[PDB]
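Novice: Contents of query.csv (CSV, N, CA and C atoms) are below:
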```
chain,number,residue,atom,x,y,z
A,1,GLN,N,-58.3,68.2,-3.1
A,1,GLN,CA,-58.4,66.9,-2.6
A,1,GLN,C,-58.3,66.9,-1.0
A,2,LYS,N,-58.7,65.8,-0.4
A,2,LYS,CA,-58.8,65.8,1.1
A,2,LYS,C,-57.4,65.8,1.7
A,3,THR,N,-57.4,65.9,3.1
A,3,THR,CA,-56.2,65.9,3.9
A,3,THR,C,-56.0,64.5,4.4
A,4,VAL,N,-54.9,63.9,4.2
A,4,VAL,CA,-54.6,62.5,4.6
A,4,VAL,C,-54.3,62.5,6.1
A,5,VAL,N,-54.9,61.6,6.8
A,5,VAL,CA,-54.9,61.6,8.3
A,5,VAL,C,-53.9,60.6,8.8
A,6,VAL,N,-52.7,61.0,9.1
A,6,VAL,CA,-51.6,60.2,9.6
A,6,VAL,C,-52.0,59.9,11.0
A,7,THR,N,-51.7,58.6,11.5
A,7,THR,CA,-51.9,58.2,12.9
A,7,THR,C,-50.6,57.6,13.4
A,8,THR,N,-49.8,58.5,14.1
A,8,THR,CA,-48.6,58.0,14.7
A,8,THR,C,-48.9,57.6,16.2
A,9,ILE,N,-47.9,57.4,17.0
A,9,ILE,CA,-48.1,57.1,18.4
A,9,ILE,C,-47.0,57.9,19.2
B,1,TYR,N,-50.4,49.6,19.5
B,1,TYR,CA,-50.0,49.4,18.1
B,1,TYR,C,-51.0,48.6,17.3
B,2,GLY,N,-51.3,47.4,17.8
B,2,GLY,CA,-52.4,46.7,17.2
B,2,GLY,C,-52.4,45.2,17.5
B,3,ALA,N,-53.6,44.7,17.9
B,3,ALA,CA,-53.8,43.3,18.3
B,3,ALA,C,-55.3,43.0,18.2
B,4,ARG,N,-55.5,41.7,17.8
B,4,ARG,CA,-56.9,41.3,17.7
B,4,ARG,C,-57.4,40.7,19.0
B,5,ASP,N,-58.4,41.4,19.6
B,5,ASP,CA,-58.9,41.0,20.9
B,5,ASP,C,-59.7,39.7,20.7
B,6,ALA,N,-59.0,38.6,21.1
B,6,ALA,CA,-59.4,37.2,20.7
B,6,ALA,C,-60.8,36.8,21.2
B,7,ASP,N,-61.3,37.5,22.2
B,7,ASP,CA,-62.7,37.3,22.6
B,7,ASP,C,-63.6,38.0,21.6
B,8,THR,N,-63.5,39.3,21.4
B,8,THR,CA,-64.4,40.1,20.7
B,8,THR,C,-64.1,40.2,19.2
B,9,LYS,N,-62.9,39.8,18.8
B,9,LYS,CA,-62.3,39.8,17.5
B,9,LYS,C,-62.2,41.2,16.9
B,10,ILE,N,-62.0,42.2,17.8
B,10,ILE,CA,-61.9,43.6,17.4
B,10,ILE,C,-60.5,44.1,17.6
B,11,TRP,N,-60.0,44.8,16.6
B,11,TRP,CA,-58.6,45.4,16.6
B,11,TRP,C,-58.6,46.6,17.5
B,12,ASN,N,-57.4,47.1,17.8
B,12,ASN,CA,-57.2,48.3,18.6
B,12,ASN,C,-55.9,49.0,18.2
B,13,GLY,N,-55.8,50.3,18.5
B,13,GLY,CA,-54.6,51.0,18.2
B,13,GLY,C,-54.5,51.5,16.8
B,14,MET,N,-53.2,51.5,16.3
B,14,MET,CA,-53.0,52.1,15.0
B,14,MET,C,-53.4,51.2,13.8
B,15,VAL,N,-53.4,49.9,14.1
B,15,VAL,CA,-53.9,49.0,13.1
B,15,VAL,C,-55.5,49.0,13.1
B,16,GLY,N,-56.1,49.1,14.2
B,16,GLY,CA,-57.5,49.2,14.3
B,16,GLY,C,-58.1,50.5,14.0
B,17,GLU,N,-57.2,51.5,13.8
B,17,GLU,CA,-57.7,52.8,13.5
B,17,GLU,C,-57.9,53.0,12.0
B,18,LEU,N,-57.2,52.2,11.2
B,18,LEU,CA,-57.3,52.3,9.8
B,18,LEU,C,-58.0,51.0,9.1
B,19,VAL,N,-58.0,49.9,9.8
B,19,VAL,CA,-58.9,48.8,9.4
B,19,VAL,C,-60.3,49.4,9.6
B,20,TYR,N,-60.6,49.8,10.8
B,20,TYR,CA,-61.9,50.2,11.2
B,20,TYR,C,-62.1,51.7,11.0
B,21,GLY,N,-61.8,52.3,9.9
B,21,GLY,CA,-62.2,53.7,9.7
B,21,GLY,C,-61.1,54.8,9.6
B,22,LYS,N,-60.9,55.5,10.7
B,22,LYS,CA,-60.6,56.9,10.7
B,22,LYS,C,-59.1,57.2,10.5
B,23,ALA,N,-58.4,56.5,9.6
B,23,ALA,CA,-57.0,56.8,9.3
B,23,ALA,C,-56.7,56.4,7.9
B,24,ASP,N,-55.8,57.1,7.3
B,24,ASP,CA,-55.4,56.8,5.9
B,24,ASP,C,-54.0,56.2,5.8
B,25,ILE,N,-53.2,56.4,6.7
B,25,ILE,CA,-51.7,56.1,6.6
B,25,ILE,C,-51.3,56.0,8.1
B,26,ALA,N,-50.2,55.3,8.3
B,26,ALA,CA,-49.8,55.0,9.7
B,26,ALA,C,-48.3,55.1,10.0
B,27,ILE,N,-47.7,56.3,9.6
B,27,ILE,CA,-46.3,56.4,9.6
B,27,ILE,C,-45.7,56.4,11.0
B,28,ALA,N,-45.2,55.2,11.5
B,28,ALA,CA,-45.1,54.9,12.9
B,28,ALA,C,-44.4,53.6,13.0
B,29,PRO,N,-43.8,53.3,14.3
B,29,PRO,CA,-43.1,52.0,14.4
B,29,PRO,C,-44.0,50.8,14.4
B,30,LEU,N,-44.6,50.5,13.3
B,30,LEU,CA,-45.6,49.4,13.2
B,30,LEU,C,-44.8,48.2,12.7
B,31,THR,N,-44.4,47.2,13.5
B,31,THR,CA,-43.6,46.1,13.1
B,31,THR,C,-44.3,45.2,12.1
B,32,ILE,N,-43.7,44.8,11.1
B,32,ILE,CA,-44.3,43.9,10.0
B,32,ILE,C,-44.4,42.5,10.6
B,33,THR,N,-45.6,42.2,10.9
B,33,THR,CA,-46.0,40.8,11.4
B,33,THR,C,-47.0,40.2,10.5
B,34,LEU,N,-47.2,38.9,10.7
B,34,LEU,CA,-48.1,38.2,9.8
B,34,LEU,C,-49.6,38.5,10.1
B,35,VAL,N,-49.9,38.6,11.4
B,35,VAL,CA,-51.3,38.8,11.8
B,35,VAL,C,-51.7,40.2,11.5
B,36,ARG,N,-50.8,41.2,11.4
B,36,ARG,CA,-51.2,42.5,10.9
B,36,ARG,C,-51.2,42.5,9.4
B,37,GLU,N,-50.4,41.8,8.7
B,37,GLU,CA,-50.3,41.8,7.2
B,37,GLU,C,-51.6,41.3,6.6
B,38,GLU,N,-52.3,40.5,7.3
B,38,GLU,CA,-53.6,39.9,6.7
B,38,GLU,C,-54.7,41.0,6.6
B,39,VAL,N,-54.6,42.1,7.4
B,39,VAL,CA,-55.6,43.1,7.4
B,39,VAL,C,-55.2,44.4,6.9
B,40,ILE,N,-53.9,44.7,6.9
B,40,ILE,CA,-53.4,46.0,6.4
B,40,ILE,C,-52.3,45.8,5.4
B,41,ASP,N,-51.7,46.9,4.9
B,41,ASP,CA,-50.9,46.8,3.7
B,41,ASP,C,-49.6,47.6,4.0
B,42,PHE,N,-48.6,46.8,4.5
B,42,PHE,CA,-47.3,47.5,4.8
B,42,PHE,C,-46.5,47.8,3.6
B,43,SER,N,-45.6,48.8,3.8
B,43,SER,CA,-44.6,49.1,2.8
B,43,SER,C,-43.4,48.2,3.0
B,44,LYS,N,-42.4,48.4,2.2
B,44,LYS,CA,-41.2,47.7,2.5
B,44,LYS,C,-40.6,48.4,3.7
B,45,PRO,N,-39.7,47.6,4.5
B,45,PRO,CA,-39.3,48.2,5.8
B,45,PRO,C,-38.5,49.5,5.6
B,46,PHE,N,-38.8,50.5,6.4
B,46,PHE,CA,-38.0,51.7,6.4
B,46,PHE,C,-36.9,51.6,7.5
B,47,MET,N,-37.0,50.6,8.4
B,47,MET,CA,-36.1,50.5,9.5
B,47,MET,C,-36.0,49.0,9.8
B,48,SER,N,-34.8,48.5,10.0
B,48,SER,CA,-34.6,47.1,10.4
B,48,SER,C,-34.1,47.1,11.8
B,49,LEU,N,-34.4,46.0,12.5
B,49,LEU,CA,-34.1,45.9,13.9
B,49,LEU,C,-34.1,44.4,14.4
C,1,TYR,N,-28.7,39.2,-12.7
C,1,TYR,CA,-29.9,39.3,-11.8
C,1,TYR,C,-31.0,40.1,-12.5
C,2,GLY,N,-30.7,41.3,-13.0
C,2,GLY,CA,-31.6,42.0,-13.8
C,2,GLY,C,-31.4,43.5,-13.8
C,3,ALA,N,-31.3,44.1,-15.0
C,3,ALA,CA,-31.2,45.6,-15.2
C,3,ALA,C,-31.7,46.0,-16.5
C,4,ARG,N,-32.1,47.3,-16.6
C,4,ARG,CA,-32.4,47.8,-17.9
C,4,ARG,C,-31.2,48.2,-18.7
C,5,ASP,N,-31.4,48.6,-20.0
C,5,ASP,CA,-30.3,49.1,-20.8
C,5,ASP,C,-30.7,50.4,-21.4
C,6,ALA,N,-29.8,51.3,-21.6
C,6,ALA,CA,-30.1,52.6,-22.2
C,6,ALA,C,-30.1,52.6,-23.7
C,7,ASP,N,-30.1,51.4,-24.3
C,7,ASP,CA,-30.1,51.3,-25.7
C,7,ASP,C,-31.4,50.6,-26.2
C,8,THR,N,-31.6,49.4,-25.7
C,8,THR,CA,-32.8,48.6,-26.1
C,8,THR,C,-33.9,48.4,-25.1
C,9,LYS,N,-33.6,48.9,-23.8
C,9,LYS,CA,-34.6,48.8,-22.7
C,9,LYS,C,-35.0,47.4,-22.4
C,10,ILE,N,-34.1,46.5,-22.2
C,10,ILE,CA,-34.4,45.1,-22.0
C,10,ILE,C,-33.8,44.6,-20.7
C,11,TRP,N,-34.7,44.0,-19.9
C,11,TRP,CA,-34.3,43.4,-18.6
C,11,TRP,C,-33.5,42.1,-18.9
C,12,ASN,N,-32.4,41.9,-18.2
C,12,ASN,CA,-31.5,40.8,-18.5
C,12,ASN,C,-31.2,40.0,-17.3
C,13,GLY,N,-32.0,39.0,-17.0
C,13,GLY,CA,-31.7,38.1,-15.9
C,13,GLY,C,-33.0,37.5,-15.4
C,14,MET,N,-33.0,37.3,-14.1
C,14,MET,CA,-34.2,36.8,-13.4
C,14,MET,C,-35.4,37.8,-13.5
C,15,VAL,N,-35.1,39.1,-13.5
C,15,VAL,CA,-36.1,40.0,-13.7
C,15,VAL,C,-36.6,40.1,-15.1
C,16,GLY,N,-35.7,39.7,-16.1
C,16,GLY,CA,-36.1,39.6,-17.5
C,16,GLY,C,-37.0,38.5,-17.7
C,17,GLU,N,-36.9,37.4,-16.9
C,17,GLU,CA,-37.8,36.3,-17.2
C,17,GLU,C,-39.2,36.5,-16.6
C,18,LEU,N,-39.3,37.3,-15.5
C,18,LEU,CA,-40.5,37.5,-14.9
C,18,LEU,C,-41.4,38.5,-15.6
C,19,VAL,N,-40.8,39.6,-16.1
C,19,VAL,CA,-41.4,40.6,-16.8
C,19,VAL,C,-42.0,40.1,-18.1
C,20,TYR,N,-41.2,39.4,-18.9
C,20,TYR,CA,-41.6,39.1,-20.2
C,20,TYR,C,-42.6,37.9,-20.3
C,21,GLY,N,-42.0,36.6,-20.2
C,21,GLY,CA,-42.9,35.5,-20.1
C,21,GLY,C,-42.4,34.3,-19.5
C,22,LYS,N,-41.1,34.3,-19.2
C,22,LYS,CA,-40.4,33.0,-19.1
C,22,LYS,C,-40.3,32.5,-17.7
C,23,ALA,N,-41.0,33.1,-16.7
C,23,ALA,CA,-41.0,32.6,-15.3
C,23,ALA,C,-42.3,32.9,-14.6
C,24,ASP,N,-42.4,32.3,-13.4
C,24,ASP,CA,-43.6,32.6,-12.6
C,24,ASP,C,-43.2,33.1,-11.2
C,25,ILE,N,-42.1,32.7,-10.6
C,25,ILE,CA,-41.6,33.1,-9.3
C,25,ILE,C,-40.1,33.0,-9.3
C,26,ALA,N,-39.4,33.9,-8.7
C,26,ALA,CA,-38.0,33.9,-8.8
C,26,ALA,C,-37.3,33.9,-7.4
C,27,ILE,N,-37.6,32.8,-6.6
C,27,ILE,CA,-37.0,32.6,-5.3
C,27,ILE,C,-35.5,32.5,-5.4
C,28,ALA,N,-34.8,33.5,-4.9
C,28,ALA,CA,-33.4,33.8,-5.2
C,28,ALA,C,-32.9,35.0,-4.5
C,29,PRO,N,-31.6,35.2,-4.3
C,29,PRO,CA,-31.2,36.5,-3.7
C,29,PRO,C,-31.3,37.7,-4.6
C,30,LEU,N,-32.5,38.1,-4.9
C,30,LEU,CA,-32.8,39.4,-5.5
C,30,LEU,C,-32.9,40.5,-4.5
C,31,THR,N,-32.2,41.6,-4.6
C,31,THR,CA,-32.2,42.7,-3.7
C,31,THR,C,-33.3,43.6,-4.0
C,32,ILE,N,-34.1,44.0,-3.0
C,32,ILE,CA,-35.3,44.8,-3.2
C,32,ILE,C,-34.9,46.2,-3.5
C,33,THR,N,-35.0,46.6,-4.8
C,33,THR,CA,-34.6,48.0,-5.2
C,33,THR,C,-35.7,48.7,-5.7
C,34,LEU,N,-35.5,50.0,-6.1
C,34,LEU,CA,-36.6,50.8,-6.7
C,34,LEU,C,-36.9,50.4,-8.1
C,35,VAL,N,-35.8,50.3,-8.9
C,35,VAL,CA,-35.9,50.1,-10.3
C,35,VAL,C,-36.5,48.7,-10.7
C,36,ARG,N,-36.3,47.7,-9.8
C,36,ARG,CA,-37.0,46.5,-10.0
C,36,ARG,C,-38.4,46.5,-9.5
C,37,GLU,N,-38.7,47.2,-8.4
C,37,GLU,CA,-40.1,47.3,-7.8
C,37,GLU,C,-41.1,47.9,-8.8
C,38,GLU,N,-40.7,48.7,-9.7
C,38,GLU,CA,-41.6,49.3,-10.6
C,38,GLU,C,-42.1,48.3,-11.7
C,39,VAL,N,-41.4,47.2,-12.0
C,39,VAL,CA,-41.7,46.3,-13.0
C,39,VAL,C,-42.0,44.9,-12.5
C,40,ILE,N,-41.6,44.5,-11.3
C,40,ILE,CA,-41.9,43.2,-10.7
C,40,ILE,C,-42.4,43.5,-9.3
C,41,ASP,N,-42.8,42.4,-8.6
C,41,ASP,CA,-43.6,42.5,-7.4
C,41,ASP,C,-43.0,41.7,-6.3
C,42,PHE,N,-42.2,42.3,-5.5
C,42,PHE,CA,-41.4,41.6,-4.5
C,42,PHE,C,-42.3,41.2,-3.3
C,43,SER,N,-41.6,40.8,-2.2
C,43,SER,CA,-42.3,40.4,-1.0
C,43,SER,C,-41.5,40.9,0.2
C,44,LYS,N,-42.1,40.9,1.4
C,44,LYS,CA,-41.4,41.3,2.6
C,44,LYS,C,-40.1,40.5,2.7
C,45,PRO,N,-39.0,41.1,3.1
C,45,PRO,CA,-37.7,40.4,3.0
C,45,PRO,C,-37.6,39.2,3.8
C,46,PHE,N,-37.0,38.1,3.2
C,46,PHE,CA,-36.6,36.9,3.9
C,46,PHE,C,-35.2,36.9,4.5
C,47,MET,N,-34.4,37.9,4.1
C,47,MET,CA,-33.0,37.9,4.4
C,47,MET,C,-32.5,39.3,4.4
C,48,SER,N,-32.1,39.8,5.6
C,48,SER,CA,-31.7,41.2,5.8
C,48,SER,C,-30.2,41.3,5.8
C,49,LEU,N,-29.7,41.8,4.7
C,49,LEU,CA,-28.2,41.9,4.5
C,49,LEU,C,-27.8,43.4,4.6
```
Can the structure from this file be put into structure tokens for me?
Specialist:
Amino acid sequence: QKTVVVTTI
Amino acid sequence: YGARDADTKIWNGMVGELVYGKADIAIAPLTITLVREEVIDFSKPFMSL
Amino acid sequence: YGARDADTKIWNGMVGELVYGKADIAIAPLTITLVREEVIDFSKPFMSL
């Protein structure tokens, strides 16, 4: 399965 | 973090990065507000303030 | 308020009325927990205790 793309700041 | 640009109606920031595409999750200090809740899907609060 | 039982597996309270048939909304001091969240459908908190 794909890699989940977290978006922090 | 995120806001609707009232002229262009276009989001920006971490809310706009997953409404409009290239993000799957936003584990970050994203305050639970009403104008964000209408477009994204918050968990229950992990931190109160 | 509501909890399972290790004998008959029956919710007893306001969570018992929502799960089975006897209610539609339970505006009340229900505390957002994990064991309730699996069977009923809470909202963003109105009261932070």
Novice: Pull out every residue of chain B that has at least one atom within 7 Å of chain A, counting only C-alpha atoms, and report them as a PyMOL selection string.
Specialist: chain B and resi 14+23-28
Novice: Can you write just those residues out, N, CA and C atoms, as a PDB file, in the coordinates of the input?
Specialist:
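again_11.pdb, freshly written:
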```pdb
ATOM      1  N   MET B  14     -53.200  51.500  16.300  1.00  0.00           N
ATOM      2  CA  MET B  14     -53.000  52.100  15.000  1.00  0.00           C
ATOM      3  C   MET B  14     -53.400  51.200  13.800  1.00  0.00           C
ATOM      4  N   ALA B  23     -58.400  56.500   9.600  1.00  0.00           N
ATOM      5  CA  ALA B  23     -57.000  56.800   9.300  1.00  0.00           C
ATOM      6  C   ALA B  23     -56.700  56.400   7.900  1.00  0.00           C
ATOM      7  N   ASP B  24     -55.800  57.100   7.300  1.00  0.00           N
ATOM      8  CA  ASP B  24     -55.400  56.800   5.900  1.00  0.00           C
ATOM      9  C   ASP B  24     -54.000  56.200   5.800  1.00  0.00           C
ATOM     10  N   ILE B  25     -53.200  56.400   6.700  1.00  0.00           N
ATOM     11  CA  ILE B  25     -51.700  56.100   6.600  1.00  0.00           C
ATOM     12  C   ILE B  25     -51.300  56.000   8.100  1.00  0.00           C
ATOM     13  N   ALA B  26     -50.200  55.300   8.300  1.00  0.00           N
ATOM     14  CA  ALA B  26     -49.800  55.000   9.700  1.00  0.00           C
ATOM     15  C   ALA B  26     -48.300  55.100  10.000  1.00  0.00           C
ATOM     16  N   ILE B  27     -47.700  56.300   9.600  1.00  0.00           N
ATOM     17  CA  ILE B  27     -46.300  56.400   9.600  1.00  0.00           C
ATOM     18  C   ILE B  27     -45.700  56.400  11.000  1.00  0.00           C
ATOM     19  N   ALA B  28     -45.200  55.200  11.500  1.00  0.00           N
ATOM     20  CA  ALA B  28     -45.100  54.900  12.900  1.00  0.00           C
ATOM     21  C   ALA B  28     -44.400  53.600  13.000  1.00  0.00           C
TER      22      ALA B  28
END
```
Novice: Output as a tab-separated table one row per residue of chain B within 10 Å of chain C: the closest atom pair and its distance in Å to one decimal place, counting only C-alpha atoms, sorted by chain and residue number ascending.
Specialist:
```
residue	atom	partner	partner_atom	distance
B:32	CA	C:44	CA	8.4
B:33	CA	C:44	CA	9.9
B:42	CA	C:44	CA	8.8
B:43	CA	C:44	CA	8.4
B:44	CA	C:44	CA	6.4
B:45	CA	C:44	CA	7.9
B:48	CA	C:48	CA	8.0
B:49	CA	C:48	CA	9.7
```
Novice: Could you work out how far atom CA of residue 31 of chain B lies from atom CA of residue 46 of chain B, giving the answer in Å with one decimal?
Specialist: 10.4 Å
Novice: I want to know what sits within 8 Å of residue 35 of chain B, based on only N, CA and C atoms, with residues of the same chain fewer than 6 positions away left out; could you give that as JSON, numbers by chain?
Specialist: {"B": [2, 3, 4]}
Novice: What does the distance between atom N of residue 19 of chain B and atom CA of residue 41 of chain B come to in Å, to one decimal place?
Specialist: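 Result for atom N of residue 19 of chain B versus atom CA of residue 41 of chain B: 9.9 Å, one decimal.
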Novice: Please indicate the distance in Å from atom N of residue 39 of chain B to atom CA of residue 36 of chain C, rounded to one decimal place.
Specialist: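 Taking atom N of residue 39 of chain B and atom CA of residue 36 of chain C, their separation equals 25.1 Å.
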Novice: For residue 13 of chain C, find every residue with an atom within 9 Å (counting only C-alpha atoms), except residues of its own chain fewer than 2 positions away, and show them as a compact mmCIF listing (two decimals) with N, CA and C atoms, in the frame of the given file.
Specialist:
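out_22.txt, freshly written:
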```txt
# COMPACT_ATOMS: atom_id res chain seq x y z
N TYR C 1 -28.70 39.20 -12.70
CA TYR C 1 -29.90 39.30 -11.80
C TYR C 1 -31.00 40.10 -12.50
N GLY C 2 -30.70 41.30 -13.00
CA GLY C 2 -31.60 42.00 -13.80
C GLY C 2 -31.40 43.50 -13.80
N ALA C 3 -31.30 44.10 -15.00
CA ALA C 3 -31.20 45.60 -15.20
C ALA C 3 -31.70 46.00 -16.50
N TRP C 11 -34.70 44.00 -19.90
CA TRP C 11 -34.30 43.40 -18.60
C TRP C 11 -33.50 42.10 -18.90
N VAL C 15 -35.10 39.10 -13.50
CA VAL C 15 -36.10 40.00 -13.70
C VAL C 15 -36.60 40.10 -15.10
N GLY C 16 -35.70 39.70 -16.10
CA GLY C 16 -36.10 39.60 -17.50
C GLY C 16 -37.00 38.50 -17.70
N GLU C 17 -36.90 37.40 -16.90
CA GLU C 17 -37.80 36.30 -17.20
C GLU C 17 -39.20 36.50 -16.60
N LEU C 18 -39.30 37.30 -15.50
CA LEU C 18 -40.50 37.50 -14.90
C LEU C 18 -41.40 38.50 -15.60
```
Novice: Taking only chain B into account, list the residues labelled helix (DSSP H, G or I) by DSSP (computed from the backbone), as JSON, numbers by chain.
Specialist: {"B": [13, 14, 15, 16, 17, 18, 19, 34, 35, 36, 37]}
